[PDB]
Amino acid sequence: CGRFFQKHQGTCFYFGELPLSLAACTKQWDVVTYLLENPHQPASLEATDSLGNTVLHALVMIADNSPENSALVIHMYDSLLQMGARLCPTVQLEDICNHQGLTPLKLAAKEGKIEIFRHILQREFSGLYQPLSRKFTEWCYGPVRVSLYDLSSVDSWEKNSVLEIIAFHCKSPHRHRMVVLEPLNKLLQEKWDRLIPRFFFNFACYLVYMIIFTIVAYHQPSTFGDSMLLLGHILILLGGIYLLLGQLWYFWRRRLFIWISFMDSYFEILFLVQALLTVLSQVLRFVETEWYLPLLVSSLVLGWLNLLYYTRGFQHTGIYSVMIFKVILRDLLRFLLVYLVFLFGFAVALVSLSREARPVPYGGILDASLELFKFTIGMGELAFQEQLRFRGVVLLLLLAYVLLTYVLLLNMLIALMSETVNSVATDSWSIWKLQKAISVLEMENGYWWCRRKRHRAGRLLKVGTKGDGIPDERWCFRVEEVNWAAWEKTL
Amino acid sequence: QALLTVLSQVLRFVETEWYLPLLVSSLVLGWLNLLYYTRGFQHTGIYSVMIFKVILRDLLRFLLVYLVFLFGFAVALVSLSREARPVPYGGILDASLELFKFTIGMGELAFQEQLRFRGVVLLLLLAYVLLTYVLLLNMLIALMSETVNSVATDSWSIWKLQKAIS
Amino acid sequence: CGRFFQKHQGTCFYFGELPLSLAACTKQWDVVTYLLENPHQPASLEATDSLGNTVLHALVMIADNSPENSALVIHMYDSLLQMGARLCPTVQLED
């Protein structure tokens with residue numbers, strides 16, 4: 001338990017602070033072999049350290065995405081698994097919870113170790129050491145194969161599953177590439193196909209709420225109509241309260257999620273803001289404040305913008321929205337910053353001049369800023385003001401500003417957007433896949449008022465006996481695939 | 001086009017005032033149908049295929065997002081601007097037309113001093129312009145560039161198939 | 001004429017529902033060769049199934065655009081054509 005043997009920032013090398021774990025991590029199979037059957041006093045294999053990790057946890061914690069480390073980690077993991085089957089076949093090493101209640105597979109999911117994650121997820125062995133495998137094979141008639149992936153600790157039916165960890169606990173940058181594999185892409189596709197009606201019913205309900213909002217906002221003064229207006233207002237208030245409660249429940253359930261990934265969801269914040277604004281305007285109406293009208297319409301726009309959430313039900317528009325947000329985040333704030341600096345400088349310069357006559361344009365800073373913005377909009381008034389005494393200077397200043405920020409900057413913006421789109425397309429597809437996964441996981445959990453029953457995925461199938469007694473039964477996920485190349489390597 | 005032409009011609013004898021629209025509605029279509037007879041050449045023939053690929057791939061998304069943004073902002077502007085301290089944004093059609101003027105390059109971005117919510121209206125207009133003109137229209141050009149680069153060769157093959165069918 | 005041997009959506013593998021077609025599709029040239037000249041009672045080569053397909057129709061119906069399947073299909077097609085020329089040169093299998 002030394003400072004150098006812990007995992008932190010600076011000089012360190014975490015290896016499980018255990019001699020067996022050290023030997024396994026430094027790729028010393030002879031040392032491990034000698035340590036496992038020393039006749040003097042045997043060494044254990046499910047021994048834990050202070051952090052709670054075991055040898056497999058240490059192996060997955062030292063793993064990296066480089067091929068050289070991944071191969072070593074995979075080989076050591078498999079060898080240790082089969083050796084544990086040799087020595088202690090009763091206990092299972094894969095189900096040893098950490099001090100945080102994490103298994104090696106769940107630790108791989110949380111820490112972002114993609115290679116070992118996929119290997120553990122779809123590992124396949126032979127007749128010997130068969131029970132400790134994840135991908136089985138039911139039957140092979142000709143060139144078609146049926147694969148049965150184990151759904152242990154990965155199906156969403158369990159409280160803390162791999163999917164939930166990936167979607168809400170992993171803080172790795174590129175965690176969207178993680179769920180785009182074999183036994184994850186299919187399962188989520190099936191879940192999405194089953195949950196389509198609920199998703200589109202939610203979209204329809206939101207559309208109806210927004211239509212009611214628009215009707216109420218459009219038909220409002222400074223009888224039967226009065227009763228209908230009051231009814232519209234009370235339904236708006238109820239909808240705002242409902243959305244506010246839902247968003248508060250979401251944020252309470254995902255407290256440590258905002259500081260994990262801020263730009264992955266980025267719609268729950270907008271929905272919360274819209275609901276808060278709607279409620280505030282509705283309660284401010286009874287106060288008889290003139291500032292009712294702004295906030296209310298400030299809600300309306302947001303609500304319509306929130307229809308852009310419900311557009312990832314389709315690949316085409318869903319990828320379009322992700323690309324839009326990537327462009328905004330990557331190559332629009334720079335242009336805005338440079339633009340604002342140039343515009344403010346030139347506007348202040350123009351206002352400083354043009355007041356020495358030989359109504360008055362560029363009277364204030366706001367007017368000059370608006371005129372310069374008219375220039376990018378395509379309505380700039382580029383005249384030769386003959387009233388003032390500095391005609392030439394003002395004209396040259398305007399020409400320089402136009403040439404600097406319109407010919408150059410706006411077209412460079414289009415060039416940057418083209419480069420961004422070309423760079424991002426595929427990662428955008430993967431991000432859309434992750435967005436669909438998150439939406440599915442949220443939809444499986446019911447609303448804050450109604451809880452949805454958890455429908456277990458997969459099916460119980462005979463996957464052979466254990467090495468002790470009563471035959472082993474487990475929930476598997478079935479996927480058929482037609483292969484002509486792999487079918488050649490078995491004849 | 002043929003159905004419209006026949007319907008207008010038979011509606012002329014009925015002495016209906018709605019003769020003039022349908023007839024001219026035929027005319028435009030007919031001229032657009034000259035774009036069929038342009039695959040007799042590789043250059044223009046491939047150009048037409050690329051045009052249709054761009055329309056089908058990266059114009060409906062932009063139109064959908066545009067329509068949502070425009071309708072939302074137009075309804076918001078009409079809801080305001082009626083509390084005075086003729087009248088702009090009188091109806092939904094007028095506000096929609098003004099916002100479309102913005103993408104066309106003729107948007108009137110003034111500081112309405114008559115109404116009491118000058119700042120709110122100005123900020124709403126500025127936000128709409130920044131959102132749908134600086135961003136969306138240029139992203140459309142970027143998407144079109146990507147589409148053209150992706151489709152060129154398949155467009156050549158599609159032109160070959162079109163010639164075969166002809 | 002089973003539900004699994006027909007071509008539809010779900011679990012299935014269409015192979016022409018004929019033993020000769022099955023042997024040709026599973027890349028078993030020795031089985032095909034033995035079936036074509038068994039002295040007890042000869043097997044036919046222009047024999048059809050319920051769908052109306054023959055062994056060549058089955059081969060082209062199982063074909064895929066992957067290189068591994070395409071090579072197998074091409075080789076089996078050519079071998080069956082020349083074998084039919086050997087056995088029955090009068091009738092043409094391509095028509």
# chains A, B, ... in the order shown; residues from 1 in each chain; ligands from 1
call {"tool": "interface_residues", "arguments": {"of": "chain A", "to": "chain C", "cutoff": "7 Å", "atoms": "only C-alpha atoms", "output": "number ranges by chain"}}
result
A: 142, 484-485
call {"tool": "write_last_selection", "arguments": {"atoms": "N, CA and C atoms", "output": "mmCIF file, in the first residue's frame"}}
result
data_model
loop_
_atom_site.group_PDB
_atom_site.id
_atom_site.type_symbol
_atom_site.label_atom_id
_atom_site.label_comp_id
_atom_site.auth_asym_id
_atom_site.auth_seq_id
_atom_site.Cartn_x
_atom_site.Cartn_y
_atom_site.Cartn_z
ATOM 1 N N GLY A 142 -25.742 -26.445 -42.812
ATOM 2 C CA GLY A 142 -25.145 -25.869 -43.990
ATOM 3 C C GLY A 142 -24.300 -24.660 -43.655
ATOM 4 N N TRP A 484 -20.125 -18.003 -45.371
ATOM 5 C CA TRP A 484 -19.551 -18.939 -46.323
ATOM 6 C C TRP A 484 -18.048 -19.093 -46.179
ATOM 7 N N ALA A 485 -17.365 -18.111 -45.591
ATOM 8 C CA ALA A 485 -15.929 -18.224 -45.363
ATOM 9 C C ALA A 485 -15.633 -19.079 -44.137
#
call {"tool": "interface_residues", "arguments": {"of": "chain A", "to": "chain B", "cutoff": "6 Å", "atoms": "only C-alpha atoms", "output": "PyMOL selection string"}}
result
chain A and resi 218+297+301+304+378+414+417-418
call {"tool": "write_last_selection", "arguments": {"atoms": "C-alpha atoms", "output": "PDB file, in the first residue's frame"}}
result
ATOM      1  CA  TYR A 218     -51.532  33.392 -30.520  1.00  0.00           C
ATOM      2  CA  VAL A 297     -43.105  33.541 -25.883  1.00  0.00           C
ATOM      3  CA  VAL A 301     -39.612  29.218 -29.216  1.00  0.00           C
ATOM      4  CA  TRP A 304     -40.477  24.300 -30.863  1.00  0.00           C
ATOM      5  CA  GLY A 378     -26.804  41.394 -47.270  1.00  0.00           C
ATOM      6  CA  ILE A 414     -18.243  27.637 -45.154  1.00  0.00           C
ATOM      7  CA  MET A 417     -17.994  23.654 -42.112  1.00  0.00           C
ATOM      8  CA  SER A 418     -17.164  21.496 -45.138  1.00  0.00           C
TER       9      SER A 418
END
call {"tool": "select_by_dssp", "arguments": {"residues": "chain B", "states": "alpha helix (DSSP H)", "output": "PyMOL selection string"}}
result
chain B and resi 2-13+19-32+42-58+60-79+92-104+118-129+136-165
call {"tool": "residues_around", "arguments": {"residues": "residue C:29", "least_positions_apart": "2", "cutoff": "12 Å", "atoms": "only C-alpha atoms", "output": "PDB file with N, CA, C and O atoms, in the first residue's frame"}}
result
ATOM      1  N   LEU C  20     -29.424 -33.730 -54.783  1.00  0.00           N
ATOM      2  CA  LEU C  20     -28.363 -33.319 -55.696  1.00  0.00           C
ATOM      3  C   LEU C  20     -28.067 -31.834 -55.538  1.00  0.00           C
ATOM      4  O   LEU C  20     -26.904 -31.415 -55.479  1.00  0.00           O
ATOM      5  N   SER C  21     -29.121 -31.022 -55.457  1.00  0.00           N
ATOM      6  CA  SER C  21     -28.945 -29.588 -55.262  1.00  0.00           C
ATOM      7  C   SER C  21     -28.312 -29.293 -53.909  1.00  0.00           C
ATOM      8  O   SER C  21     -27.472 -28.396 -53.788  1.00  0.00           O
ATOM      9  N   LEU C  22     -28.704 -30.042 -52.875  1.00  0.00           N
ATOM     10  CA  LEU C  22     -28.104 -29.861 -51.556  1.00  0.00           C
ATOM     11  C   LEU C  22     -26.609 -30.158 -51.588  1.00  0.00           C
ATOM     12  O   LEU C  22     -25.796 -29.393 -51.055  1.00  0.00           O
ATOM     13  N   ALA C  23     -26.230 -31.272 -52.219  1.00  0.00           N
ATOM     14  CA  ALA C  23     -24.819 -31.629 -52.308  1.00  0.00           C
ATOM     15  C   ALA C  23     -24.040 -30.595 -53.108  1.00  0.00           C
ATOM     16  O   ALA C  23     -22.914 -30.239 -52.743  1.00  0.00           O
ATOM     17  N   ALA C  24     -24.623 -30.101 -54.203  1.00  0.00           N
ATOM     18  CA  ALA C  24     -23.958 -29.069 -54.990  1.00  0.00           C
ATOM     19  C   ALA C  24     -23.784 -27.784 -54.188  1.00  0.00           C
ATOM     20  O   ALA C  24     -22.727 -27.145 -54.250  1.00  0.00           O
ATOM     21  N   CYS C  25     -24.806 -27.394 -53.426  1.00  0.00           N
ATOM     22  CA  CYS C  25     -24.764 -26.160 -52.654  1.00  0.00           C
ATOM     23  C   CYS C  25     -23.801 -26.227 -51.478  1.00  0.00           C
ATOM     24  O   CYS C  25     -23.186 -25.207 -51.151  1.00  0.00           O
ATOM     25  N   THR C  26     -23.654 -27.388 -50.838  1.00  0.00           N
ATOM     26  CA  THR C  26     -22.760 -27.532 -49.696  1.00  0.00           C
ATOM     27  C   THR C  26     -21.331 -27.868 -50.111  1.00  0.00           C
ATOM     28  O   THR C  26     -20.540 -28.320 -49.277  1.00  0.00           O
ATOM     29  N   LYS C  27     -20.989 -27.650 -51.379  1.00  0.00           N
ATOM     30  CA  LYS C  27     -19.644 -27.876 -51.909  1.00  0.00           C
ATOM     31  C   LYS C  27     -19.156 -29.292 -51.601  1.00  0.00           C
ATOM     32  O   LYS C  27     -18.159 -29.506 -50.912  1.00  0.00           O
ATOM     33  N   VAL C  31     -19.905 -36.281 -53.403  1.00  0.00           N
ATOM     34  CA  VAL C  31     -21.289 -36.727 -53.251  1.00  0.00           C
ATOM     35  C   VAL C  31     -22.043 -36.580 -54.566  1.00  0.00           C
ATOM     36  O   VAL C  31     -22.783 -37.480 -54.982  1.00  0.00           O
ATOM     37  N   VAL C  32     -21.868 -35.441 -55.239  1.00  0.00           N
ATOM     38  CA  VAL C  32     -22.519 -35.222 -56.528  1.00  0.00           C
ATOM     39  C   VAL C  32     -22.057 -36.263 -57.539  1.00  0.00           C
ATOM     40  O   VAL C  32     -22.868 -36.856 -58.265  1.00  0.00           O
ATOM     41  N   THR C  33     -20.747 -36.510 -57.589  1.00  0.00           N
ATOM     42  CA  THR C  33     -20.201 -37.480 -58.528  1.00  0.00           C
ATOM     43  C   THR C  33     -20.780 -38.864 -58.278  1.00  0.00           C
ATOM     44  O   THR C  33     -21.190 -39.555 -59.216  1.00  0.00           O
ATOM     45  N   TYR C  34     -20.846 -39.279 -57.012  1.00  0.00           N
ATOM     46  CA  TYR C  34     -21.411 -40.589 -56.707  1.00  0.00           C
ATOM     47  C   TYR C  34     -22.893 -40.646 -57.054  1.00  0.00           C
ATOM     48  O   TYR C  34     -23.389 -41.678 -57.521  1.00  0.00           O
ATOM     49  N   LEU C  35     -23.620 -39.552 -56.823  1.00  0.00           N
ATOM     50  CA  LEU C  35     -25.047 -39.542 -57.116  1.00  0.00           C
ATOM     51  C   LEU C  35     -25.336 -39.580 -58.609  1.00  0.00           C
ATOM     52  O   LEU C  35     -26.393 -40.078 -59.007  1.00  0.00           O
ATOM     53  N   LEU C  36     -24.428 -39.072 -59.445  1.00  0.00           N
ATOM     54  CA  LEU C  36     -24.710 -38.995 -60.873  1.00  0.00           C
ATOM     55  C   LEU C  36     -24.508 -40.306 -61.624  1.00  0.00           C
ATOM     56  O   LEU C  36     -25.109 -40.480 -62.690  1.00  0.00           O
ATOM     57  N   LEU C  72     -17.264 -20.288 -55.155  1.00  0.00           N
ATOM     58  CA  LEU C  72     -17.881 -21.600 -54.994  1.00  0.00           C
ATOM     59  C   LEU C  72     -18.995 -21.805 -56.010  1.00  0.00           C
ATOM     60  O   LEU C  72     -19.085 -22.859 -56.655  1.00  0.00           O
ATOM     61  N   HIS C  75     -17.542 -22.203 -59.599  1.00  0.00           N
ATOM     62  CA  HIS C  75     -16.885 -23.491 -59.792  1.00  0.00           C
ATOM     63  C   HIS C  75     -17.908 -24.614 -59.903  1.00  0.00           C
ATOM     64  O   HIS C  75     -17.814 -25.468 -60.796  1.00  0.00           O
ATOM     65  N   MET C  76     -18.903 -24.621 -59.012  1.00  0.00           N
ATOM     66  CA  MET C  76     -19.927 -25.659 -59.061  1.00  0.00           C
ATOM     67  C   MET C  76     -20.730 -25.576 -60.352  1.00  0.00           C
ATOM     68  O   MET C  76     -21.061 -26.600 -60.957  1.00  0.00           O
ATOM     69  N   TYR C  77     -21.048 -24.355 -60.791  1.00  0.00           N
ATOM     70  CA  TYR C  77     -21.796 -24.166 -62.029  1.00  0.00           C
ATOM     71  C   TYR C  77     -21.041 -24.738 -63.220  1.00  0.00           C
ATOM     72  O   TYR C  77     -21.600 -25.497 -64.022  1.00  0.00           O
ATOM     73  N   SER C  79     -18.538 -26.931 -63.256  1.00  0.00           N
ATOM     74  CA  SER C  79     -18.361 -28.372 -63.134  1.00  0.00           C
ATOM     75  C   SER C  79     -19.645 -29.111 -63.479  1.00  0.00           C
ATOM     76  O   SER C  79     -19.619 -30.134 -64.170  1.00  0.00           O
ATOM     77  N   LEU C  80     -20.786 -28.595 -63.020  1.00  0.00           N
ATOM     78  CA  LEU C  80     -22.060 -29.237 -63.322  1.00  0.00           C
ATOM     79  C   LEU C  80     -22.387 -29.142 -64.805  1.00  0.00           C
ATOM     80  O   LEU C  80     -22.939 -30.079 -65.388  1.00  0.00           O
ATOM     81  N   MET C  83     -20.216 -31.691 -66.528  1.00  0.00           N
ATOM     82  CA  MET C  83     -20.683 -33.027 -66.178  1.00  0.00           C
ATOM     83  C   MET C  83     -21.970 -33.373 -66.917  1.00  0.00           C
ATOM     84  O   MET C  83     -22.164 -34.517 -67.342  1.00  0.00           O
TER      85      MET C  83
END
call {"tool": "closest_residue", "arguments": {"among": "C:45, C:71, C:88, C:55", "to": "residue C:17", "atoms": "only C-alpha atoms"}}
result
C:55
call {"tool": "atom_distance", "arguments": {"atom1": "atom CA of residue A:307", "atom2": "atom CA of residue A:430"}}
result
21.6 Å
call {"tool": "residues_around", "arguments": {"residues": "residue B:159", "least_positions_apart": "2", "cutoff": "7 Å", "atoms": "only C-alpha atoms", "output": "VMD selection string"}}
result
chain B and resid 45 to 46 49 155 to 157 161 to 163
call {"tool": "residues_around", "arguments": {"residues": "stretch 161-164 of chain A", "least_positions_apart": "3", "cutoff": "10 Å", "atoms": "only C-alpha atoms", "output": "list in words"}}
result
residues 102, 103, 105, 106, 107, 108, 109, 110, 151, 152, 153, 154, 155, 156, 157, 158, 167, 168, 169, 170, 179, 184, 188, 437, 438, 441 and 442 of chain A
call {"tool": "write_last_selection", "arguments": {"atoms": "N, CA, C and O atoms", "output": "compact mmCIF listing (two decimals), in the first residue's frame"}}
result
# COMPACT_ATOMS: atom_id res chain seq x y z
N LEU A 102 -18.39 -3.87 -8.67
CA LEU A 102 -18.16 -4.03 -10.10
C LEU A 102 -17.41 -5.33 -10.37
O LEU A 102 -16.48 -5.69 -9.64
N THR A 103 -17.84 -6.03 -11.40
CA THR A 103 -17.17 -7.21 -11.92
C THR A 103 -16.14 -6.80 -12.97
O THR A 103 -16.15 -5.67 -13.45
N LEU A 105 -15.93 -7.47 -16.08
CA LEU A 105 -16.62 -7.00 -17.28
C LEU A 105 -17.20 -5.61 -17.07
O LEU A 105 -17.07 -4.73 -17.93
N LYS A 106 -17.83 -5.38 -15.92
CA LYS A 106 -18.38 -4.07 -15.63
C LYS A 106 -17.28 -3.04 -15.45
O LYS A 106 -17.43 -1.87 -15.83
N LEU A 107 -16.15 -3.45 -14.86
CA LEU A 107 -15.00 -2.55 -14.76
C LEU A 107 -14.48 -2.18 -16.14
O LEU A 107 -14.13 -1.01 -16.38
N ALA A 108 -14.41 -3.14 -17.05
CA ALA A 108 -14.00 -2.85 -18.42
C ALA A 108 -14.97 -1.89 -19.09
O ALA A 108 -14.55 -0.98 -19.82
N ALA A 109 -16.27 -2.07 -18.85
CA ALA A 109 -17.26 -1.18 -19.43
C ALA A 109 -17.10 0.24 -18.90
O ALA A 109 -17.10 1.21 -19.67
N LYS A 110 -16.95 0.39 -17.58
CA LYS A 110 -16.83 1.72 -16.98
C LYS A 110 -15.53 2.42 -17.35
O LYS A 110 -15.55 3.62 -17.62
N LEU A 151 -26.21 -13.32 -21.75
CA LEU A 151 -26.76 -12.03 -21.32
C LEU A 151 -26.60 -11.81 -19.83
O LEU A 151 -27.44 -11.16 -19.20
N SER A 152 -25.54 -12.34 -19.24
CA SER A 152 -25.30 -12.20 -17.81
C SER A 152 -24.64 -10.86 -17.52
O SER A 152 -23.60 -10.53 -18.10
N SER A 153 -25.27 -10.08 -16.64
CA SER A 153 -24.76 -8.79 -16.20
C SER A 153 -24.63 -7.79 -17.34
O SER A 153 -23.94 -6.78 -17.21
N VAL A 154 -25.30 -8.06 -18.46
CA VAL A 154 -25.33 -7.12 -19.57
C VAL A 154 -26.74 -6.75 -19.99
O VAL A 154 -26.94 -5.66 -20.55
N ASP A 155 -27.74 -7.59 -19.74
CA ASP A 155 -29.12 -7.23 -20.03
C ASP A 155 -29.61 -6.15 -19.07
O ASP A 155 -29.24 -6.12 -17.89
N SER A 156 -30.47 -5.28 -19.59
CA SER A 156 -31.00 -4.16 -18.82
C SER A 156 -31.98 -4.60 -17.74
O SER A 156 -32.37 -3.76 -16.91
N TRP A 157 -32.39 -5.87 -17.72
CA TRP A 157 -33.27 -6.35 -16.67
C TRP A 157 -32.64 -6.24 -15.29
O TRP A 157 -33.36 -6.04 -14.31
N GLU A 158 -31.32 -6.37 -15.19
CA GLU A 158 -30.61 -6.26 -13.93
C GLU A 158 -30.50 -4.79 -13.52
O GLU A 158 -30.58 -3.88 -14.35
N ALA A 167 -23.86 3.89 -20.72
CA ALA A 167 -24.66 5.06 -21.06
C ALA A 167 -24.63 6.15 -20.00
O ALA A 167 -24.85 7.32 -20.33
N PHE A 168 -24.37 5.81 -18.74
CA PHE A 168 -24.51 6.79 -17.66
C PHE A 168 -23.36 6.82 -16.67
O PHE A 168 -23.40 7.63 -15.74
N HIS A 169 -22.34 5.97 -16.82
CA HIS A 169 -21.27 5.93 -15.84
C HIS A 169 -19.90 6.08 -16.48
O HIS A 169 -18.95 6.54 -15.84
N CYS A 170 -19.78 5.68 -17.75
CA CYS A 170 -18.51 5.80 -18.44
C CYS A 170 -18.26 7.25 -18.83
O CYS A 170 -19.11 7.89 -19.46
N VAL A 179 -20.47 0.71 -27.78
CA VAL A 179 -21.69 0.00 -28.12
C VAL A 179 -22.02 0.17 -29.61
O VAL A 179 -22.91 0.93 -29.99
N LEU A 184 -24.61 -6.33 -28.73
CA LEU A 184 -24.95 -5.05 -28.12
C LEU A 184 -25.73 -4.25 -29.14
O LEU A 184 -26.70 -3.58 -28.81
N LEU A 188 -29.86 -3.92 -28.76
CA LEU A 188 -30.44 -2.59 -28.72
C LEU A 188 -31.33 -2.32 -29.91
O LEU A 188 -32.33 -1.60 -29.79
N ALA A 437 -29.47 4.31 -27.98
CA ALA A 437 -29.32 3.42 -26.83
C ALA A 437 -29.77 4.11 -25.54
O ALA A 437 -30.47 3.51 -24.72
N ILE A 438 -29.36 5.36 -25.35
CA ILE A 438 -29.74 6.10 -24.15
C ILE A 438 -31.25 6.30 -24.11
O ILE A 438 -31.88 6.16 -23.05
N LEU A 441 -32.86 3.04 -23.06
CA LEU A 441 -32.69 2.78 -21.64
C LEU A 441 -33.61 3.64 -20.79
O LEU A 441 -34.18 3.18 -19.80
N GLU A 442 -33.77 4.91 -21.17
CA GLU A 442 -34.69 5.78 -20.44
C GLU A 442 -36.14 5.34 -20.63
O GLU A 442 -36.94 5.43 -19.69
call {"tool": "atom_distance", "arguments": {"atom1": "atom CA of residue A:403", "atom2": "atom CA of residue A:422"}}
result
28.1 Å
call {"tool": "residues_around", "arguments": {"residues": "residue B:25", "least_positions_apart": "5", "cutoff": "9 Å", "atoms": "only C-alpha atoms", "output": "number ranges by chain"}}
result
B: 1, 4-5, 20, 30
call {"tool": "write_last_selection", "arguments": {"atoms": "C-alpha atoms", "output": "compact mmCIF listing (two decimals), in the first residue's frame"}}
result
# COMPACT_ATOMS: atom_id res chain seq x y z
CA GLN B 1 -48.57 17.79 -66.81
CA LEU B 4 -53.37 19.29 -65.89
CA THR B 5 -53.36 20.51 -69.50
CA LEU B 20 -55.74 30.71 -65.72
CA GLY B 30 -43.77 21.44 -69.24
call {"tool": "residues_around", "arguments": {"residues": "residue C:94", "least_positions_apart": "6", "cutoff": "10 Å", "atoms": "only C-alpha atoms", "output": "PyMOL selection string"}}
result
chain C and resi 46+56-57+81
call {"tool": "write_last_selection", "arguments": {"atoms": "N, CA, C and O atoms", "output": "short mmCIF file (atom, residue, chain, number, x, y, z; two decimals), in the first residue's frame"}}
result
data_model
loop_
_atom_site.label_atom_id
_atom_site.label_comp_id
_atom_site.auth_asym_id
_atom_site.auth_seq_id
_atom_site.Cartn_x
_atom_site.Cartn_y
_atom_site.Cartn_z
N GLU C 46 -31.74 -32.76 -64.72
CA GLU C 46 -32.71 -31.73 -65.06
C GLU C 46 -33.98 -31.90 -64.24
O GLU C 46 -35.07 -31.47 -64.63
N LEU C 56 -29.02 -25.73 -61.20
CA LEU C 56 -28.42 -24.46 -61.59
C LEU C 56 -29.21 -23.27 -61.07
O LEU C 56 -28.62 -22.27 -60.63
N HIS C 57 -30.54 -23.36 -61.10
CA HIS C 57 -31.37 -22.32 -60.51
C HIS C 57 -31.11 -22.19 -59.02
O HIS C 57 -31.04 -21.09 -58.48
N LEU C 81 -22.05 -28.01 -65.44
CA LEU C 81 -22.29 -27.88 -66.87
C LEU C 81 -21.49 -28.91 -67.66
O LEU C 81 -22.02 -29.60 -68.54
#
